[PDB]
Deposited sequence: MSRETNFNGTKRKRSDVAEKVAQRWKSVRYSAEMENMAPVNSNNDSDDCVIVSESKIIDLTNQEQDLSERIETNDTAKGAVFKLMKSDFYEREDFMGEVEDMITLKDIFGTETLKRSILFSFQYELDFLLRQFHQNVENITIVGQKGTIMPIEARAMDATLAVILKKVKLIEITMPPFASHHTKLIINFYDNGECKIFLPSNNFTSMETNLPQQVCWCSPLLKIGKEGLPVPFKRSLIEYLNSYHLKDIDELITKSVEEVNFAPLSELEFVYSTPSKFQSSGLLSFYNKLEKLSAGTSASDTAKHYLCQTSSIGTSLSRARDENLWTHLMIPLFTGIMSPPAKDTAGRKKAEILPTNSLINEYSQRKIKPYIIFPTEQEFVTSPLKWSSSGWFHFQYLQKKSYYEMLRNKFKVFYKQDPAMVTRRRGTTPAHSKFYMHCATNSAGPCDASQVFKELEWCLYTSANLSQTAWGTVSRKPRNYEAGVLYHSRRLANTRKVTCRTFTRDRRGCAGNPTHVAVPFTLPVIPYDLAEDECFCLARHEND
């Protein structure tokens, strides 16, 4: 079945887990179709076996690093000749952020993965990363297409590229997705013809269907305010209100929202590294470059989230391993827990995705996403509770890199890291 695994690091595991070599190094691997935001070609291609017949790479123009002659060799030369590139051009400040792997092996076997790291050595080894691995799939006629398969095809179709249609989608269509009948494929696309992002995700949660309402988000980037006039955060002012029913599509004042939260027992969480957590990371600030929250030019926005909603949470210093310490994770998780220490062991639903907490990744009720994003959704009424555990203590449906429980920011000294 599907399983979450923690990405091994050359630094943390110097002397269960997974590596890109485990994924691409198998002699039985026949073809790999890749999606990512950044490609370090010599690093990536060194992960494969000489037996591979084709490597189709989908990426944004300018994010694919060629291999210099001085760094080439006989082995790599062979791999390189099997690479086919499909470049996507995007408006400035828009991103093909999706990380996805579709492997085809000997016999009619196929497997799908969602790594949180882009394909570069630095990203793979510095921040903590995870990888969702689908159950083993096989080529063969299909009856009714599983929702996961149906959604994946819509996503691929939304690129509106002939190369994608013929070299990728046709191959995916031949695969039987029965083993994935319980999960959902959630995505974002800038396509004006395909609905996606928040709007689509909201509708899905509605269709899928006294207690404290826990809504937690773990992200590597935190977008700025949804408006230039007021301080409005995507999680606290739009997503949570929508999910709870406080609002419905055809933004309330901060204070009105705060009261609603109290009366409804809604508890918001955003896991993001503190300035001090890098001091207690094995590689110190080495992984800090991938965590972006620029609030210095609009301090009020930050103070609101930190003091008014008390939304920020950090790692439990007593539960993290010594080899990884308080090193932040570059994975993105969105989850909901209903109660009435143990919080989050059982979930109503959980989304693992490449999408950061920003308007560009999710869009809004009226605006569409600007990025390509992809993730997998686990929902209780589709499996009767989604089980989840923390890798920091290493069988559940979901496994997370952050500690469980997470600890609230000490309002007397904790501050979000600002690159």
query: Gaps in the model (deposited sequence, numbered from 1); finding: 1-78, 94-100, 295-300, 342-352, 443-449, 493-495, 507-513, 539-544
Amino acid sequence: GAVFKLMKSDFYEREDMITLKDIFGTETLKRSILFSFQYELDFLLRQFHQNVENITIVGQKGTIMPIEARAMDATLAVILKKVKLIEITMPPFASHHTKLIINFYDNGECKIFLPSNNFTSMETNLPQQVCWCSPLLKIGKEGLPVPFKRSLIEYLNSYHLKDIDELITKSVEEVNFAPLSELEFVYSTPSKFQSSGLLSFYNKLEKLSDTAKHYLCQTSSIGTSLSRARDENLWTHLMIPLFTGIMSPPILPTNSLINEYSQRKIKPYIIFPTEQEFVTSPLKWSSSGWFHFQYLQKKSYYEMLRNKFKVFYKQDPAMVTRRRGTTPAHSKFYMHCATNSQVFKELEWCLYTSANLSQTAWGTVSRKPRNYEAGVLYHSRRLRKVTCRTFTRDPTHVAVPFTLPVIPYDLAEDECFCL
From here on, numbers count along this sequence of modelled residues.
{"item": "Between the two ranges 153-161 and 222-230, the one averaging a larger CA B factor in the entry", "value": "222-230"}
{"item": "Comparing 239-247 with 331-339, the one whose average Cα B-factor in the PDB entry is higher", "value": "239-247"}
{"item": "Which of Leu137, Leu100, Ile266, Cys131 ranks first by CA B-factor in the deposited coordinates", "value": "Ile266"}
{"item": "Among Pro92, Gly289, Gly197, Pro115 - the residue whose C-alpha B-factor is largest in the record", "value": "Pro92"}
{"item": "Chain-relative CA temperature factor third for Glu142", "value": "highest"}
{"item": "Lowest, middle or highest third - CA B-factor, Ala69", "value": "highest"}
{"item": "Chain-relative CA temperature factor third for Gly325", "value": "lowest"}
{"item": "Third assignment of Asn176 from its chain's C-alpha B-factors", "value": "middle"}
{"item": "For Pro253, the third of its chain into which the C-alpha B factor falls", "value": "highest"}
